[PDB]
>>> print(open('protein10.tsv').read())   # TSV, C-alpha atoms and all ligand atoms
chain	number	residue	atom	x	y	z
A	17	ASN	CA	20.76	74.27	-75.42
A	18	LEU	CA	24.13	73.99	-73.62
A	19	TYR	CA	25.40	70.79	-72.17
A	20	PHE	CA	27.93	69.89	-69.52
A	21	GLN	CA	29.72	66.58	-69.15
A	22	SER	CA	31.83	66.14	-65.96
A	23	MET	CA	35.26	64.57	-65.96
A	24	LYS	CA	34.84	61.11	-64.37
A	25	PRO	CA	37.05	59.43	-61.72
A	26	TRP	CA	38.87	56.17	-62.38
A	27	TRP	CA	36.19	54.05	-60.80
A	28	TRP	CA	33.24	55.54	-62.59
A	29	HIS	CA	32.81	52.94	-65.34
A	30	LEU	CA	33.71	49.98	-63.23
A	31	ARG	CA	30.82	47.69	-62.36
A	32	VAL	CA	28.92	46.91	-59.21
A	33	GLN	CA	30.31	43.36	-59.35
A	34	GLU	CA	33.71	44.76	-58.51
A	35	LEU	CA	32.60	45.58	-54.95
A	36	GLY	CA	32.59	41.96	-53.75
A	37	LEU	CA	29.20	42.07	-52.07
A	38	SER	CA	28.03	39.27	-49.84
A	39	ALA	CA	24.68	37.49	-50.14
A	40	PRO	CA	21.95	39.44	-48.36
A	41	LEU	CA	20.43	38.67	-44.96
A	42	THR	CA	16.71	38.32	-45.64
A	43	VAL	CA	13.70	37.73	-43.40
A	44	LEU	CA	10.35	36.02	-43.84
A	45	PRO	CA	7.19	38.17	-43.52
A	46	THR	CA	6.00	36.07	-40.55
A	47	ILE	CA	8.73	36.89	-38.04
A	48	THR	CA	7.79	39.73	-35.65
A	49	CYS	CA	8.93	43.31	-35.95
A	50	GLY	CA	10.71	42.87	-32.63
A	51	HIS	CA	12.56	39.87	-33.91
A	52	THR	CA	13.50	41.86	-37.01
A	53	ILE	CA	14.77	44.73	-34.82
A	54	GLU	CA	17.02	42.29	-32.90
A	55	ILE	CA	18.40	40.87	-36.14
A	56	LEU	CA	19.11	44.24	-37.62
A	57	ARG	CA	20.60	45.42	-34.30
A	58	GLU	CA	22.93	42.42	-34.08
A	59	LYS	CA	24.26	42.93	-37.59
A	60	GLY	CA	24.28	46.72	-37.72
A	61	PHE	CA	22.07	46.72	-40.83
A	62	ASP	CA	19.41	49.42	-41.47
A	63	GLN	CA	17.40	47.24	-43.89
A	64	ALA	CA	16.78	43.75	-45.26
A	65	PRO	CA	14.81	42.15	-48.02
A	66	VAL	CA	11.60	40.39	-47.01
A	67	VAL	CA	11.22	37.17	-48.90
A	68	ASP	CA	8.48	34.59	-48.81
A	69	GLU	CA	8.86	30.86	-48.41
A	70	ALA	CA	8.96	30.48	-52.22
A	71	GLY	CA	11.90	32.87	-52.57
A	72	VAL	CA	9.81	35.79	-53.88
A	73	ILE	CA	10.98	39.23	-52.79
A	74	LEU	CA	7.99	41.03	-51.26
A	75	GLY	CA	9.91	44.26	-50.57
A	76	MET	CA	12.34	45.66	-48.02
A	77	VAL	CA	12.02	46.24	-44.26
A	78	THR	CA	13.85	49.40	-43.20
A	79	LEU	CA	14.40	50.95	-39.77
A	80	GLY	CA	13.07	54.28	-41.05
A	81	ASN	CA	9.87	52.73	-42.19
A	82	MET	CA	9.45	50.60	-39.12
A	83	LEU	CA	9.90	53.74	-36.97
A	84	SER	CA	7.35	55.71	-39.06
A	85	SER	CA	4.84	52.93	-38.88
A	86	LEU	CA	5.31	52.56	-35.13
A	87	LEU	CA	4.83	56.34	-34.61
A	88	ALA	CA	1.68	56.26	-36.78
A	89	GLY	CA	0.20	53.55	-34.49
A	90	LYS	CA	0.09	51.10	-37.36
A	91	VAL	CA	2.56	48.43	-36.27
A	92	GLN	CA	3.71	47.13	-32.89
A	93	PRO	CA	6.80	45.08	-31.98
A	94	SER	CA	4.80	41.91	-31.65
A	95	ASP	CA	3.18	42.28	-35.16
A	96	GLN	CA	4.51	40.40	-38.20
A	97	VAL	CA	7.09	42.28	-40.19
A	98	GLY	CA	4.99	41.61	-43.23
A	99	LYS	CA	2.91	44.58	-42.00
A	100	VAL	CA	5.76	47.02	-42.75
A	101	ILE	CA	7.02	45.86	-46.16
A	102	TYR	CA	8.31	48.79	-48.13
A	103	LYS	CA	7.83	48.13	-51.89
A	104	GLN	CA	9.46	51.13	-53.54
A	105	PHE	CA	13.26	50.89	-53.42
A	106	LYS	CA	15.91	51.12	-56.10
A	107	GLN	CA	17.44	48.25	-57.93
A	108	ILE	CA	20.69	48.13	-59.76
A	109	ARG	CA	22.29	45.44	-61.91
A	110	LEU	CA	25.39	43.60	-60.92
A	111	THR	CA	26.87	44.78	-64.23
A	112	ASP	CA	25.66	48.42	-63.98
A	113	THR	CA	28.38	51.06	-63.20
A	114	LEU	CA	29.68	52.44	-59.99
A	115	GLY	CA	28.79	55.79	-61.47
A	116	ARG	CA	25.10	54.84	-61.66
A	117	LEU	CA	25.43	53.37	-58.14
A	118	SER	CA	26.82	56.63	-56.83
A	119	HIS	CA	23.73	58.51	-58.13
A	120	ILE	CA	21.40	56.09	-56.42
A	121	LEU	CA	23.33	56.23	-53.15
A	122	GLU	CA	23.25	59.98	-53.05
A	123	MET	CA	19.43	59.96	-53.05
A	124	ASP	CA	18.69	56.64	-51.28
A	125	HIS	CA	20.31	54.84	-48.40
A	126	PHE	CA	20.65	51.53	-50.28
A	127	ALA	CA	19.94	49.62	-53.46
A	128	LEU	CA	19.14	45.96	-54.14
A	129	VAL	CA	21.64	44.48	-56.54
A	130	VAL	CA	19.98	42.25	-59.13
A	131	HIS	CA	21.19	39.90	-61.86
A	132	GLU	CA	19.33	38.40	-64.79
A	133	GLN	CA	19.25	34.65	-65.26
A	134	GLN	CA	16.22	32.73	-66.20
A	135	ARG	CA	14.41	34.92	-63.66
A	136	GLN	CA	15.56	38.16	-62.05
A	137	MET	CA	17.64	37.19	-59.00
A	138	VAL	CA	18.80	39.19	-55.97
A	139	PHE	CA	22.55	39.25	-55.49
A	140	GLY	CA	22.90	41.44	-52.39
A	141	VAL	CA	22.30	44.80	-50.76
A	142	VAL	CA	24.65	47.74	-51.44
A	143	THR	CA	25.14	50.88	-49.35
A	144	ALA	CA	27.51	53.86	-49.23
A	145	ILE	CA	30.26	52.14	-47.26
A	146	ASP	CA	30.54	49.45	-49.91
A	147	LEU	CA	31.36	52.09	-52.53
A	148	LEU	CA	33.49	54.19	-50.17
A	149	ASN	CA	35.58	51.26	-49.06
A	150	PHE	CA	36.25	50.27	-52.66
A	151	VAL	CA	37.31	53.78	-53.75
A	152	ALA	CA	39.39	54.36	-50.60
A	153	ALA	CA	41.16	50.96	-50.60
B	10	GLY	CA	-4.67	61.54	-47.12
B	11	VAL	CA	-7.35	60.28	-44.73
B	12	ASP	CA	-4.74	58.66	-42.39
B	13	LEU	CA	-2.64	61.82	-42.17
B	14	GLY	CA	-6.00	63.59	-41.40
B	15	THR	CA	-6.70	61.25	-38.53
B	16	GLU	CA	-3.12	61.48	-37.18
B	17	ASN	CA	-3.34	65.30	-37.34
B	18	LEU	CA	-6.78	65.47	-35.70
B	19	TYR	CA	-5.83	63.07	-32.89
B	20	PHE	CA	-2.12	63.88	-32.79
B	21	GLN	CA	-2.33	64.54	-29.07
B	22	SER	CA	-3.97	61.24	-28.19
B	23	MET	CA	-1.83	59.26	-30.58
B	24	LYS	CA	1.38	60.37	-28.90
B	25	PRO	CA	3.09	57.19	-27.69
B	26	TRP	CA	3.07	56.44	-23.97
B	27	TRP	CA	6.87	57.03	-24.01
B	28	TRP	CA	6.76	60.44	-25.76
B	29	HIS	CA	7.71	62.41	-22.66
B	30	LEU	CA	10.21	59.99	-21.35
B	31	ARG	CA	13.79	61.19	-21.78
B	32	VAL	CA	16.64	60.17	-24.05
B	33	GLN	CA	18.34	58.77	-21.01
B	34	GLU	CA	15.94	55.86	-20.98
B	35	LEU	CA	17.90	54.57	-23.98
B	36	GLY	CA	21.31	53.82	-22.29
B	37	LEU	CA	23.57	54.43	-25.35
B	38	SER	CA	27.11	53.15	-26.46
B	39	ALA	CA	30.36	54.86	-25.42
B	40	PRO	CA	31.01	57.13	-28.43
B	41	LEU	CA	33.68	56.49	-31.07
B	42	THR	CA	35.11	59.92	-31.90
B	43	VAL	CA	37.91	60.95	-34.24
B	44	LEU	CA	40.36	63.82	-34.30
B	45	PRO	CA	40.30	66.13	-37.38
B	46	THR	CA	43.81	64.98	-38.29
B	47	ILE	CA	43.06	61.42	-39.20
B	48	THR	CA	42.52	60.82	-42.88
B	49	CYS	CA	39.28	60.28	-44.68
B	50	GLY	CA	40.44	56.79	-45.76
B	51	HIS	CA	41.27	55.81	-42.19
B	52	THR	CA	37.89	57.26	-41.06
B	53	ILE	CA	36.17	55.09	-43.67
B	54	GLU	CA	38.05	51.98	-42.39
B	55	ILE	CA	37.08	52.68	-38.76
B	56	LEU	CA	33.40	53.29	-39.60
B	57	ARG	CA	33.35	50.19	-41.80
B	58	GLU	CA	34.78	48.00	-39.01
B	59	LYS	CA	32.19	49.26	-36.44
B	60	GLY	CA	29.19	49.46	-38.78
B	61	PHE	CA	28.63	53.12	-37.99
B	62	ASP	CA	27.53	55.72	-40.51
B	63	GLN	CA	28.86	58.71	-38.55
B	64	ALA	CA	31.17	59.77	-35.79
B	65	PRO	CA	31.84	62.95	-33.84
B	66	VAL	CA	34.97	64.91	-34.71
B	67	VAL	CA	36.52	66.31	-31.59
B	68	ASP	CA	39.67	68.25	-30.73
B	69	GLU	CA	42.56	67.26	-28.52
B	70	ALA	CA	40.56	68.36	-25.43
B	71	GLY	CA	37.39	66.49	-26.42
B	72	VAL	CA	35.50	69.58	-27.60
B	73	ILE	CA	33.06	68.83	-30.37
B	74	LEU	CA	34.00	70.27	-33.77
B	75	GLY	CA	31.15	68.52	-35.61
B	76	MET	CA	30.43	65.13	-37.25
B	77	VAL	CA	31.86	63.09	-40.08
B	78	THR	CA	29.20	61.12	-41.95
B	79	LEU	CA	29.40	58.58	-44.73
B	80	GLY	CA	26.81	60.41	-46.80
B	81	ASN	CA	28.69	63.70	-46.62
B	82	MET	CA	32.04	61.97	-47.21
B	83	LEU	CA	30.54	60.37	-50.34
B	84	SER	CA	29.22	63.69	-51.63
B	85	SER	CA	32.55	65.38	-50.87
B	86	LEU	CA	34.48	62.69	-52.67
B	87	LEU	CA	32.08	62.92	-55.70
B	88	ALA	CA	32.54	66.71	-55.81
B	89	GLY	CA	36.29	66.30	-55.63
B	90	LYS	CA	36.53	68.30	-52.36
B	91	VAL	CA	38.62	65.60	-50.74
B	92	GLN	CA	40.50	62.48	-51.62
B	93	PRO	CA	41.13	59.60	-49.21
B	94	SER	CA	44.53	60.93	-47.96
B	95	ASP	CA	42.95	64.31	-46.94
B	96	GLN	CA	42.35	65.01	-43.22
B	97	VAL	CA	38.81	64.43	-42.09
B	98	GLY	CA	38.99	67.97	-40.78
B	99	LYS	CA	38.24	68.93	-44.37
B	100	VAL	CA	34.74	67.34	-44.18
B	101	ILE	CA	33.48	68.31	-40.75
B	102	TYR	CA	29.72	68.38	-41.09
B	103	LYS	CA	27.89	70.91	-38.93
B	104	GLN	CA	24.22	70.69	-40.04
B	105	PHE	CA	23.23	67.94	-37.59
B	106	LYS	CA	21.20	68.21	-34.38
B	107	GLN	CA	22.51	67.96	-30.82
B	108	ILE	CA	20.31	66.88	-27.96
B	109	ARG	CA	20.69	66.15	-24.24
B	110	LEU	CA	19.85	63.13	-22.11
B	111	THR	CA	17.02	65.21	-20.64
B	112	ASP	CA	15.42	65.92	-24.04
B	113	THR	CA	12.20	63.98	-24.66
B	114	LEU	CA	11.93	60.86	-26.84
B	115	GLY	CA	9.34	62.91	-28.75
B	116	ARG	CA	11.96	65.52	-29.65
B	117	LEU	CA	14.29	62.70	-30.55
B	118	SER	CA	11.57	61.15	-32.83
B	119	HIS	CA	11.12	64.38	-34.76
B	120	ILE	CA	14.90	64.58	-35.31
B	121	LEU	CA	15.16	60.94	-36.40
B	122	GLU	CA	12.31	61.39	-38.85
B	123	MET	CA	14.34	63.90	-40.77
B	124	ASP	CA	17.99	63.06	-40.03
B	125	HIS	CA	19.85	59.81	-39.65
B	126	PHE	CA	21.10	60.49	-36.13
B	127	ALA	CA	21.42	62.94	-33.32
B	128	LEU	CA	24.43	63.83	-31.21
B	129	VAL	CA	23.80	63.47	-27.49
B	130	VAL	CA	25.86	65.95	-25.50
B	131	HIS	CA	26.54	66.21	-21.77
B	132	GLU	CA	23.67	67.84	-19.89
B	133	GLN	CA	25.61	70.85	-18.52
B	134	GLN	CA	28.56	70.64	-20.90
B	135	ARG	CA	27.12	70.83	-24.41
B	136	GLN	CA	30.71	70.99	-25.86
B	137	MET	CA	31.28	67.34	-24.99
B	138	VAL	CA	29.89	64.18	-26.55
B	139	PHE	CA	27.76	61.89	-24.44
B	140	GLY	CA	26.87	59.49	-27.24
B	141	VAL	CA	25.33	59.07	-30.70
B	142	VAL	CA	21.69	58.03	-31.07
B	143	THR	CA	20.01	56.51	-34.12
B	144	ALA	CA	16.73	54.79	-35.04
B	145	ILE	CA	17.70	51.36	-33.79
B	146	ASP	CA	18.31	52.74	-30.28
B	147	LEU	CA	14.71	54.00	-30.05
B	148	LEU	CA	13.31	50.87	-31.75
B	149	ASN	CA	15.22	48.65	-29.42
B	150	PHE	CA	13.73	50.45	-26.36
B	151	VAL	CA	10.17	50.20	-27.67
B	152	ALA	CA	10.55	46.49	-28.55
B	153	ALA	CA	12.11	45.87	-25.10
B	154	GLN	CA	9.21	47.57	-23.39
B	155	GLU	CA	6.39	46.10	-25.45
C	1	LIG	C1	27.06	47.11	-41.33
C	1	LIG	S1	26.02	48.02	-42.23
C	1	LIG	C2	26.09	49.62	-41.53
C	1	LIG	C3	24.85	50.48	-41.67
C	1	LIG	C4	24.38	50.89	-43.06
C	1	LIG	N1	23.53	52.12	-43.03
C	1	LIG	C5	23.66	49.71	-43.69
C	1	LIG	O1	22.48	49.52	-43.41
C	1	LIG	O2	24.29	49.07	-44.63
C	1	LIG	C6	26.88	48.31	-43.72
C	1	LIG	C7	27.32	46.99	-44.36
C	1	LIG	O3	26.29	46.00	-44.25
C	1	LIG	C8	25.76	45.59	-45.51
C	1	LIG	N2	24.35	45.33	-45.48
C	1	LIG	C9	23.34	46.18	-45.22
C	1	LIG	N3	22.17	45.50	-45.20
C	1	LIG	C10	22.46	44.21	-45.48
C	1	LIG	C11	21.70	42.96	-45.47
C	1	LIG	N4	20.41	43.04	-45.33
C	1	LIG	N5	22.36	41.81	-45.83
C	1	LIG	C12	23.69	41.75	-45.97
C	1	LIG	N6	24.47	42.88	-45.91
C	1	LIG	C13	23.84	44.08	-45.64
C	1	LIG	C14	26.16	46.74	-46.40
C	1	LIG	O4	26.09	46.33	-47.79
C	1	LIG	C15	27.49	47.11	-45.89
C	1	LIG	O5	28.53	46.25	-46.36
C	2	LIG	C1	25.90	49.57	-35.60
C	2	LIG	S1	25.23	51.09	-36.06
C	2	LIG	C2	24.34	50.67	-37.42
C	2	LIG	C3	24.05	51.69	-38.55
C	2	LIG	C4	23.29	52.98	-38.15
C	2	LIG	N1	22.80	53.66	-39.35
C	2	LIG	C5	24.23	53.91	-37.38
C	2	LIG	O1	25.14	54.55	-37.98
C	2	LIG	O2	24.14	54.01	-36.14
C	2	LIG	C6	23.91	51.37	-34.94
C	2	LIG	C7	24.42	51.43	-33.51
C	2	LIG	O3	25.70	52.08	-33.40
C	2	LIG	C8	25.63	53.24	-32.54
C	2	LIG	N2	26.53	54.30	-33.06
C	2	LIG	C9	26.41	54.91	-34.25
C	2	LIG	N3	27.41	55.78	-34.39
C	2	LIG	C10	28.27	55.58	-33.34
C	2	LIG	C11	29.49	56.13	-32.87
C	2	LIG	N4	30.19	57.04	-33.60
C	2	LIG	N5	29.99	55.73	-31.67
C	2	LIG	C12	29.38	54.81	-30.91
C	2	LIG	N6	28.24	54.28	-31.29
C	2	LIG	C13	27.64	54.61	-32.46
C	2	LIG	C14	24.18	53.61	-32.57
C	2	LIG	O4	23.82	54.52	-31.49
C	2	LIG	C15	23.45	52.27	-32.63
C	2	LIG	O5	23.38	51.76	-31.26
>>> encode(input="protein10.tsv", output="structure tokens")
Amino acid sequence: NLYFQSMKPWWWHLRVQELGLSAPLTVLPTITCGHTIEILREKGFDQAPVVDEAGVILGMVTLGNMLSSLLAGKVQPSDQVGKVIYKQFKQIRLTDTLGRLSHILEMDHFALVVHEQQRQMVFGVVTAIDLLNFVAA
Amino acid sequence: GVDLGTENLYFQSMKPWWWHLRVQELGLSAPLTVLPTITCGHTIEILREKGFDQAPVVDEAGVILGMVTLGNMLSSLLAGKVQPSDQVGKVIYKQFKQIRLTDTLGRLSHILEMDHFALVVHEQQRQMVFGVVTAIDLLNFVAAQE
């Protein structure tokens, strides 16, 4: 067996917490899909966590998944967004590396950034521009 | 499984009422384009400020050279093909789809299912950018109409 280890850039072992992410915009499962589309349109976000009234993360709503579900005849604009909760997305820790982040971002369009306290807490969303801006700046 | 089976069997009668409407129902934004001589770092700043994931790269006459995308910029940076001071001309992406205002929303839907965007070109002048179109443009139309 032969192994290869790449030479890593300066930022590789720096941590997700260096990016300076804001708190996420989240939605309740009971607002409509149409209302969620306006919110996401206003902000220029492709996704948001869906959280219940007790603060539990139920999953993510994404534009891709809303579009698929609409095409499949399964959701309409006036339905609750709870109907299109996407439950399989990637998580990363606030103290995980930018290297790990970069792997996730190459395969997925976002990750939910998590931090461990007495329970596992959501810190924010992270997407390619957050990493790009950091490296560029 | 069974749902895919149903959607395949009745694909024709499950086509949305708007399937054969045209992309021009969407009324898009004016496009933000860049020349190939601005840097990758400045491209990243511009796209960050607007909240766009992609822009057309055009020449001094407005002729489309291709697209710059965040995903391809990231890959190119990871592979060491460019650094931020390099011209964005070094990462012109060409494997995207162009469509016209007269193309159906159905054609657009197929494209958006696989890619993050399409480039809308001028109906009789396919070398010029009309606008960019992404999922939220189609979603916004359907929510408006329903
Ligand atoms: C403006 S959006 C542009 C589109 C991009 N594909 C996206 O969805 O992030 C990019 C910026 O918004 C942030 N962002 C995305 N979704 C978020 C949300 N639900 N809450 C707060 N920030 C979010 C990203 O972390 C990034 O800083
Ligand atoms: C604010 S962005 C949000 C993130 C989304 N993933 C994207 O890149 O379009 C969505 C809106 O910006 C528009 N848009 C995207 N790229 C653009 C560009 N280069 N010039 C003008 N509008 C653009 C889209 O057509 C859509 O109306």
>>> interface_residues(input="protein10.tsv", of="chain A", to="chain B", cutoff="6 Å", atoms="all atoms listed in the file", output="PyMOL selection string")
chain A and resi 50+60+93+152
>>> closest_atom_pairs(input="protein10.tsv", of="chain A", to="ligand LIG 1 (chain C)", cutoff="7 Å", atoms="only C-alpha atoms and all ligand atoms", output="JSON lines")
{"residue": "A:37", "atom": "CA", "partner": "C:LIG1", "partner_atom": "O4", "distance": 6.8}
{"residue": "A:38", "atom": "CA", "partner": "C:LIG1", "partner_atom": "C12", "distance": 6.3}
{"residue": "A:39", "atom": "CA", "partner": "C:LIG1", "partner_atom": "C12", "distance": 6.0}
{"residue": "A:40", "atom": "CA", "partner": "C:LIG1", "partner_atom": "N5", "distance": 3.5}
{"residue": "A:41", "atom": "CA", "partner": "C:LIG1", "partner_atom": "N5", "distance": 3.8}
{"residue": "A:42", "atom": "CA", "partner": "C:LIG1", "partner_atom": "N4", "distance": 6.0}
{"residue": "A:59", "atom": "CA", "partner": "C:LIG1", "partner_atom": "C1", "distance": 6.3}
{"residue": "A:60", "atom": "CA", "partner": "C:LIG1", "partner_atom": "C1", "distance": 4.6}
{"residue": "A:61", "atom": "CA", "partner": "C:LIG1", "partner_atom": "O1", "distance": 3.8}
{"residue": "A:62", "atom": "CA", "partner": "C:LIG1", "partner_atom": "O1", "distance": 3.6}
{"residue": "A:63", "atom": "CA", "partner": "C:LIG1", "partner_atom": "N3", "distance": 5.2}
{"residue": "A:64", "atom": "CA", "partner": "C:LIG1", "partner_atom": "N4", "distance": 3.7}
{"residue": "A:65", "atom": "CA", "partner": "C:LIG1", "partner_atom": "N4", "distance": 6.3}
{"residue": "A:125", "atom": "CA", "partner": "C:LIG1", "partner_atom": "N1", "distance": 6.8}
{"residue": "A:140", "atom": "CA", "partner": "C:LIG1", "partner_atom": "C12", "distance": 6.5}
{"residue": "A:141", "atom": "CA", "partner": "C:LIG1", "partner_atom": "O4", "distance": 5.1}
{"residue": "A:142", "atom": "CA", "partner": "C:LIG1", "partner_atom": "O4", "distance": 4.2}
{"residue": "A:143", "atom": "CA", "partner": "C:LIG1", "partner_atom": "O4", "distance": 4.9}
{"residue": "A:145", "atom": "CA", "partner": "C:LIG1", "partner_atom": "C15", "distance": 5.9}
{"residue": "A:146", "atom": "CA", "partner": "C:LIG1", "partner_atom": "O5", "distance": 5.2}
>>> closest_residue(input="protein10.tsv", among="B:41, B:128, B:97, B:70", to="ligand LIG 2 (chain C)", atoms="only C-alpha atoms and all ligand atoms")
B:41
>>> axis_aligned_box(input="protein10.tsv", around="ligand LIG 2 (chain C)", padding_each_side="5 Å", output="lines of an AutoDock Vina configuration file")
center_x = 26.5
center_y = 53.3
center_z = -35.1
size_x = 17.4
size_y = 17.5
size_z = 18.4
>>> closest_residue(input="protein10.tsv", among="B:137, B:11, B:30, B:35", to="ligand LIG 2 (chain C)", atoms="all atoms listed in the file")
B:35
>>> closest_residue(input="protein10.tsv", among="A:79, A:112, A:20, A:118", to="residue A:54", atoms="all atoms listed in the file")
A:79
>>> closest_residue(input="protein10.tsv", among="A:35, A:148, A:92, A:115", to="residue A:23", atoms="only C-alpha atoms")
A:115
>>> closest_residue(input="protein10.tsv", among="B:98, B:45, B:10, B:40", to="ligand LIG 2 (chain C)", atoms="all atoms listed in the file")
B:40
>>> residues_near_point(input="protein10.tsv", point="(26.5, 64.9, -18.7)", cutoff="10 Å", atoms="all atoms listed in the file", output="list in words")
residues 109, 110, 111, 129, 130, 131, 132, 133, 134, 135, 137, 138 and 139 of chain B
>>> write_last_selection(input="protein10.tsv", atoms="C-alpha atoms", output="PDB file, keeping the file's coordinate frame")
ATOM      1  CA  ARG B 109      20.690  66.150 -24.240  1.00  0.00           C
ATOM      2  CA  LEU B 110      19.850  63.130 -22.110  1.00  0.00           C
ATOM      3  CA  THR B 111      17.020  65.210 -20.640  1.00  0.00           C
ATOM      4  CA  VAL B 129      23.800  63.470 -27.490  1.00  0.00           C
ATOM      5  CA  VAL B 130      25.860  65.950 -25.500  1.00  0.00           C
ATOM      6  CA  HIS B 131      26.540  66.210 -21.770  1.00  0.00           C
ATOM      7  CA  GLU B 132      23.670  67.840 -19.890  1.00  0.00           C
ATOM      8  CA  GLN B 133      25.610  70.850 -18.520  1.00  0.00           C
ATOM      9  CA  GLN B 134      28.560  70.640 -20.900  1.00  0.00           C
ATOM     10  CA  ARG B 135      27.120  70.830 -24.410  1.00  0.00           C
ATOM     11  CA  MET B 137      31.280  67.340 -24.990  1.00  0.00           C
ATOM     12  CA  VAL B 138      29.890  64.180 -26.550  1.00  0.00           C
ATOM     13  CA  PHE B 139      27.760  61.890 -24.440  1.00  0.00           C
TER      14      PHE B 139
END
